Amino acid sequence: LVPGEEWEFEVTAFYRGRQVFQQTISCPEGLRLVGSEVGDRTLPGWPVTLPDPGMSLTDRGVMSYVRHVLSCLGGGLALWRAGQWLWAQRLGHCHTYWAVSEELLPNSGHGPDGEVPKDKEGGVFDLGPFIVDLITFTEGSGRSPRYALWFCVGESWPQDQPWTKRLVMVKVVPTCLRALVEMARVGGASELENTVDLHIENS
């Protein structure tokens, strides 16, 4: 637990689809998404406190349920890198489902990639397939590799309803992965589909 496996993360939280928090954090111990006081620093991982919904929202009903979910985070959602994998573990009472997706839309309904385990850690991202897909993306394919981890907290994965209906959604992006894919775009790679049909008058 000392070499070059520290990944910087951009953490963006959405209460009811609205962005209420964003921070870019690089920590060798990884992160712990929590929702309260951090007097429990007996736990490893940089504690990222999700904001009280009173700071941003006016909907009282949403405010109540978000506050309750944040309350039950306890030890929080843990995220760290070890080897070629990203590891997540649910330390509190909030069930947490995850998916590797686009940077802007967690998307549905191809379903959640899985549920973050509690009793033990679980791999939620393999760097291997990313790099393979990245290389092929640079070779003229239209498929850009996905590096954005989305987390639905305290509710089931938004499999049919819009993700904006979920009380607490969190996107985590390994900034180094983002930069790699950007280097590909600058290199000449494009995500534009050949199925693009412009609706423009020609007379």
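Throughout, we count residues from 1 along the sequence that is shown.
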Avg C-alpha B-factor, entry values, 154 to 162 vs 50 to 58, higher side is 154 to 162
Can you let me know which of the two, 33 to 41 or 163 to 171, has the higher average C-alpha B-factor in the entry?
33 to 41
Ranking every modelled residue in this chain by its Cα temperature factor as given in the entry, which third contains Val100?
middle
For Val11, return the chain-relative third of its C-alpha B-factor as stated in the PDB record: lowest, middle or highest.
lowest
For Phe137, the third of its chain into which the C-alpha B factor falls:
highest
Would you mind checking where the Cα B-factor of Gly114 ranks among the modelled residues of its chain, as the lowest, middle or highest third?
middle
CA B-factor placement of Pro129, once the chain's modelled residues are sorted into thirds:
middle
